[PDB]
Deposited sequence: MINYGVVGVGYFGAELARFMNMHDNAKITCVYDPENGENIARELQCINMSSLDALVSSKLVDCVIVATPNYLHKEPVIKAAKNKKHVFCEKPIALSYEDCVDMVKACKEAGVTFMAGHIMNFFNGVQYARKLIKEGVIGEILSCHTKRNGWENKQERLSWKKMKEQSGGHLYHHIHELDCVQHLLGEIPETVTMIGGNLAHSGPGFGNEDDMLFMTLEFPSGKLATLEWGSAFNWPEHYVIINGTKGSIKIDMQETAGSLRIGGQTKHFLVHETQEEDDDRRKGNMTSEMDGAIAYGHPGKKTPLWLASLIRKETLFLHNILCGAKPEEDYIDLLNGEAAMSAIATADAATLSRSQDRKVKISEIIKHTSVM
């Protein structure tokens, strides 16, 4: 029923392909990947296409899954749209707002579905927190806060992930937390500030990205947010906190657990699908796709496949299909990048209104 071609079958694209193939009436018919396509095509018993054009124009393809490096997402999406193929694109959708808007527009004009692969929206704990927030259990929302802070040792080989021009750095490569804040609040920030530096990953054998980033967001409703990322933190933390007038929620990914705190009493909830998934994630942080992420890939590919088969998306995920989550995440990231580069606070209008 739905045939898929995968552009980029490295670590994550190969997993997307394996999990998609598990769904009834879904089939990976081909891949395009100069370095890894031969091996993956043999594993999947599909065709290793000799060029991007051969894949996106193939009659064997109904939907193109894009899982190339972050700076290489645009051409596969634009060419898929030109060939009237549906598109799933991994995060970050692109490394500039102009590129992201061009991608959304191309799919809109071609009349094809375009899904942004913002997988954190599918976390059990994120869905649940959103419902608690919406129902009013923590009152009016006042602020959100994220951290994604750890220590990365020098690596034997330097990969594209550490090069700002290829990955976008922590902000774009780990854009999940920023998209999550905007998803939970349902607003885009009017003013964006970001400070950062390369404090311990500068010199031979290292990339050129900042290894600490400290962002502050101000929203038109008056709500506020802070977001931190980096790879130079010997005090590790990884969380989203939502503060309301009646209580607060923490989605802790490091010491994996959700907490709902009301009247100084705390109730536990799951981040992932089961306590086993949360416990495994926590054990691994203390200590090659982990269980929690495998389950999410299965769920996200199933969502995509069901949409292409005609299902109506639940309201939680509509912004993944209309371009709004992608454009809003990249817009704020672009504003933060400008703020860091130009040593100033940035109005989101500078990004959204530039052209």
Checklist outcome for this item: Note to self, deposited ranges with zero CA coordinates are 288 to 301, 370 to 372
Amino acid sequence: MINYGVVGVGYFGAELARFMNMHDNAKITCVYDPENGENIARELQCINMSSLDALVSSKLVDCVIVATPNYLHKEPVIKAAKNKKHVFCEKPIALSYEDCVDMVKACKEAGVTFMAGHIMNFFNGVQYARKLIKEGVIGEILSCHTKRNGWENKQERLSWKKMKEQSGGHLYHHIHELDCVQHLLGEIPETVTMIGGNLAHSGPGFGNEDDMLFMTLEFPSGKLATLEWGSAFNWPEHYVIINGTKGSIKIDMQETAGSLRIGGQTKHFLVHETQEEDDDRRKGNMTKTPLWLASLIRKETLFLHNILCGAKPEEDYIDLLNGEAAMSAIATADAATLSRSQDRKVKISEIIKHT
From here on, numbers count along this sequence of modelled residues.
Checklist entry - 214 to 222 versus 277 to 285: which one carries the higher mean Cα B factor per the record? => result 277 to 285
Checklist entry - For the C-alpha atoms alone, is the average B factor greater in 108 to 116 or in 247 to 255, going by the entry? => result 108 to 116
Item to check | Peak C-alpha temperature factor (PDB record), options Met20, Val9, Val346, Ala331 | outcome: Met20
Checklist entry - At the C-alpha atoms, which of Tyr71, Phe123, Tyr239, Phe206 reaches the highest B-factor in this entry? => result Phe206
Checklist entry - In terms of the chain's CA B-factor thirds, is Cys100 lowest, middle or highest? => result middle
Item to check | Among modelled residues of the same chain, the CA temperature factor third for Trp229 | outcome: lowest
Checklist entry - By its CA B factor, does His86 count among the lowest, middle or highest third of the modelled residues in the chain? => result highest
Checklist entry - Going by the entry, which third of its chain does the Cα temperature factor of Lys164 land in? => result middle
Checklist outcome for this item: Tertile call for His201 (CA temperature factor, within chain, third-based) is the middle
